[PDB]
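Enquirer: Handing you this structure, nothing more for now.
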Amino acid sequence: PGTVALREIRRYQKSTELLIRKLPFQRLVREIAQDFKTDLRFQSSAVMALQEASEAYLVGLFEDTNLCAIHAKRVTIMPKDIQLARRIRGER
Amino acid sequence: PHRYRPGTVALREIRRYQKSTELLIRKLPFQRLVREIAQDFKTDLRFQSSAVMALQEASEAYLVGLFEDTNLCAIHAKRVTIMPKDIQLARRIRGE
Amino acid sequence: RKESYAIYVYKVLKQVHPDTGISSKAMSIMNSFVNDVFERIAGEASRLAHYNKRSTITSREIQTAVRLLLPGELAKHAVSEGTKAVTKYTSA
Amino acid sequence: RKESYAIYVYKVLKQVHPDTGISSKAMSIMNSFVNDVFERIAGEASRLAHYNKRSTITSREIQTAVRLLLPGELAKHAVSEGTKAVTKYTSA
Amino acid sequence: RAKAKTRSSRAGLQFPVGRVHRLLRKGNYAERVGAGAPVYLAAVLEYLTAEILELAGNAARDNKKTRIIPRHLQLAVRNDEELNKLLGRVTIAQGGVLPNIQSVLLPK
Amino acid sequence: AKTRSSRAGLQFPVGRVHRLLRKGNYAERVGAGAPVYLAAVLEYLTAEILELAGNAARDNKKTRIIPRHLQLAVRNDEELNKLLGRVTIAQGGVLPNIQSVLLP
Amino acid sequence: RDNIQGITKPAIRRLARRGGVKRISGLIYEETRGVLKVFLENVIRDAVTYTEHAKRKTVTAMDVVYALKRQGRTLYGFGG
Amino acid sequence: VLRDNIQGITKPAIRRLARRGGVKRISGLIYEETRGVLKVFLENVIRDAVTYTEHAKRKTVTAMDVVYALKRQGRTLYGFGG
DNA sequence: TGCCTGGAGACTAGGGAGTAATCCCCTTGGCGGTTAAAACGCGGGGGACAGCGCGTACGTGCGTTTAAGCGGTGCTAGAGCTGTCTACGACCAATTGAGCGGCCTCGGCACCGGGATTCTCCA
DNA sequence: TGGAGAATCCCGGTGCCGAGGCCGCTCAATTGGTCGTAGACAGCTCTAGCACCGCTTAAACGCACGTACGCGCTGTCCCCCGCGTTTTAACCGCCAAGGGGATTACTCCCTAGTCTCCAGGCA
């Protein structure tokens, strides 16, 4: 257990393709945006920009989370690593 | 004789230096440090006293916030002693 | 010579707390606060005038710059007295 | 009729890499990079003119903004190129 | 000429509408500045100043003091969530910190 | 009728940068050396990025500059990383990097 | 309603293996979904404000780029 | 010529700064790391302050130069003007 | 590759800055007392760290489901451009009054010192 | 649980320097009118956003199982905390020289403004 995980690490870091599916993310954007206005409309490039930004944000957060996990002498990331990284970066 | 347990005096200094607002670095050695750092950029330089006080307030606030993040990193590793890897991790996550 | 928001902050303080004074350093920090928030709102209204290819800053741009900068309840209340002052200026 | 820095990135790329092409998304990234660097240097030079009570932007404000924003060797070679271009422009 | 009424008086404001208008015109923010923009901006500046001055007076009264010092401004800004979020990258001179000790350092 | 960009040895347009500086609400007046200097700095930074992007495309055996090559060019140089630290490049990804204790 | 579950557990694992994470707890996924929802709410609220100022009913890509740009999250490749 | 004034940032001063930051126990290797961090921060701020001084053709670094150098790095300081 | 539109040449005007003289704020350097703070030393206690065991919770592989995605059709909201006009903001002259600099008083608060009330640690 | 010592807090007296109020005056906000243009409004086009269907297939999901890994416990020994004493240099007050920031007046030039046309630039 870990050779397929490290193979997935060496596979996904090299590529630039988006890891979240298109339509569930678009549904999530239209669900979140509905609280601010009713009957909003979205360009497709707007949803693609939101997907690129969200994926880059989550990957940078997981990099800092992994740094916290190695700091606590662990290989498994936990929610306390995420909230510590968000606390230090100023989001929490 | 009477001696306190290790940590009682440290908590007393924590409460004392969190209740107060004074600068915690002596003004003359910080002024001399500012002079030797500024002479590597431009020689024959002069400084207003308000500039050195602004530098000291900024530097002390930066170090206090860094020590808060360092303490969070040390408690994350289930410790009470801050170590240089805590400073390194806080500055790495901050992006410095 | 020099100008500052020293008297207006004192008038606001005596409106709010009639028994409470203010020192010189606290007044200087309040002056820095007012100048900083002025620069933030004016710079955002400048960018919003530039985004819409407009050459005028109006109360609409100041309102949406207040909505962009200030957090939620602060933004709602700041829009409330901004619209109140503009309505009292136009009507009276 | 959109304006873009695309043909000038073509010219600079042909000046440095004759047998290399570029995609549309990479050209969009280069155009956004050019516009972001332009607005950074222009904003810092505008602030430098405002601080020093000057109503004009000369090559000195652009020099100081370039020295403030870019890191070390990039700033040194950038001010070298800018000084060379200004001297050659005044020579012609 | 009639009696001169200031632009702050007819807007019901204490902050100067005309000074804000001059600083907007001379700030190179736009080619044109409208009439309601300085009224709106002076109202917002007065509201934010009054919000800090309420909590700073409360902090000064909690310390049994009359005059507001920078420490009370620090306590007022950091003890209110919206104002701490607005001034998150701001250092108050002679402000200090909130008294905050972690639970794992307190002895059991 | 000679353009000011050819008189400065620059490929970037001096006149377009001057027009953008005039109507950008940066100052009331613009000096004559400011668009020349700004076009030179922008041309230098574009040339540096295109240099490292072409090197990344050549080392990875391709003839086209893609956003992955721009990503590798920006995040591999230290000072370009310091210039573009808070900037995301679309369809660029991240570097291949693994923590040293995770390796077998 | 409840489209945060469309951010699936293998998608969160793909984002973690891109970040270099080798082992992942089972409580990571709900934390990641909440963090993504907070980030999306902030950026989308800013972009909807930018759309409201233009008297427009369509969120363009420019609104998303300026919304990301205000928070220090500048994005290239769309018109930044 | 000034030399080795970073040792004037003493160990009890760093201890006081850590006590303000809520630190209860301090390792003995903290002080050299903290001195290096303080030197890096001061070099970064003072370089832009000196640049702002040199643009004005002045020889004295005023309080405005320090406040603008801190404001350019996202570290706005209230109380010294601006 | 043809139209188009913004850049270039060139003339004028006047204000933005350059420079020289002046004047005085305030920076730097110095001396001496004093005394607070840093530095050094040392005992001990408690916390960092290595080792071990266990119990469980992720990783992984396989079979089943599900809905993402690609292609295709179709409808219409609304982005986007153009034309017209009009109200709104820059601008200018005159006026005048609010704010700023300076001067003066007095009281909020820092300091000091003694006494009552927690508070920590060891029997 | 209790007592010695330490530490914290509370209350009265004293002065001091900075908040705050008053006066002059000046320069910047206000008032009234003029003029051009930015923006609001009306209308039309056609791009593109959205709704829906069919399939087919990669991908999500459920589960079974084993082992790597988190986590609790324990020992130990290093290293940092608390305190006492000594040395060092920070700090306060004074005492000037003078260096350079700030102001003012006059002078040059160069950048805004405008007409025309032509060569880059884009679709």
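Here chain G follows Swiss-Prot, giving residues 24-103 in order.
If you check the header, you will see the structure was determined by electron microscopy, 2.9 Å.
From the backbone N, Cα and C atoms, a Cβ is placed for every residue, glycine too.
This is the feature table in Swiss-Prot:
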CROSSLNK  G:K32  UFM1 cross-link
CROSSLNK  G:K92  ubiquitin cross-link
MOD_RES   G:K32  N6-glutaryllysine
MOD_RES   G:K32  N6-(2-hydroxyisobutyryl)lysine
MOD_RES   G:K32  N6-butyryllysine
MOD_RES   G:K45  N6-propionyllysine
MOD_RES   G:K45  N6-(2-hydroxyisobutyryl)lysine
MOD_RES   G:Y52  phosphotyrosine
MOD_RES   G:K60  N6-(2-hydroxyisobutyryl)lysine
MOD_RES   G:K78  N6-glutaryllysine
MOD_RES   G:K80  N6-propionyllysine
MOD_RES   G:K80  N6-glutaryllysine
MOD_RES   G:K92  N6-propionyllysine
MOD_RES   G:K92  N6-(2-hydroxyisobutyryl)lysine
Enquirer: Quick one: Cα separation, G:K60 (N6-(2-hydroxyisobutyryl)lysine) versus G:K32 (UFM1 cross-link), in Å?
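Expert: Computed Cα spacing between G:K60 (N6-(2-hydroxyisobutyryl)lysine) and G:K32 (UFM1 cross-link) is 15 Å.
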Enquirer: If you count the other Cβ atoms within 10 Å of each Cβ, which of the recorded positions G:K32, G:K45, G:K60, G:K78, G:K92 comes out on top?
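Expert: Neighbour-count leader: G:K45.
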Enquirer: Sort the recorded positions G:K45, G:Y52, G:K78, G:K80, G:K92 by C-alpha distance from G:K32 (UFM1 cross-link) and give me just the closest.
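Expert: Minimum Cα distance from G:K32 (UFM1 cross-link) across G:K45, G:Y52, G:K78, G:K80, G:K92 lands on G:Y52.
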Enquirer: Spatially, which candidate from the recorded positions G:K45, G:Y52, G:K92 is nearest to G:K80 (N6-propionyllysine), comparing Cα atoms?
Expert: G:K92
Enquirer: With Cβ-Cβ distance below 8 Å and at least 6 positions apart along the chain, what are the contacts of G:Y52 (phosphotyrosine)? List them in sequence order.
Expert: G:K32, G:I35
Enquirer: Distance between G:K45 (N6-propionyllysine) and G:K78 (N6-glutaryllysine) at the Cα atoms, whole Å?
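Expert: For G:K45 (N6-propionyllysine) versus G:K78 (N6-glutaryllysine), the Cα atoms are 47 Å apart.
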Enquirer: What Cα-Cα separation, expressed in whole Å, is found between G:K92 (ubiquitin cross-link) and G:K78 (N6-glutaryllysine)?
Expert: 21
Enquirer: Does DSSP put G:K32 (UFM1 cross-link) in a helix, in a strand, or in coil?
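Expert: For G:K32 (UFM1 cross-link) - judged by DSSP and reduced to three states - the answer is helix.
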Enquirer: Using Cβ atoms only, which of the recorded positions G:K32, G:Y52, G:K60, G:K78, G:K80, G:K92 are under 8 Å from chain F?
Expert: none
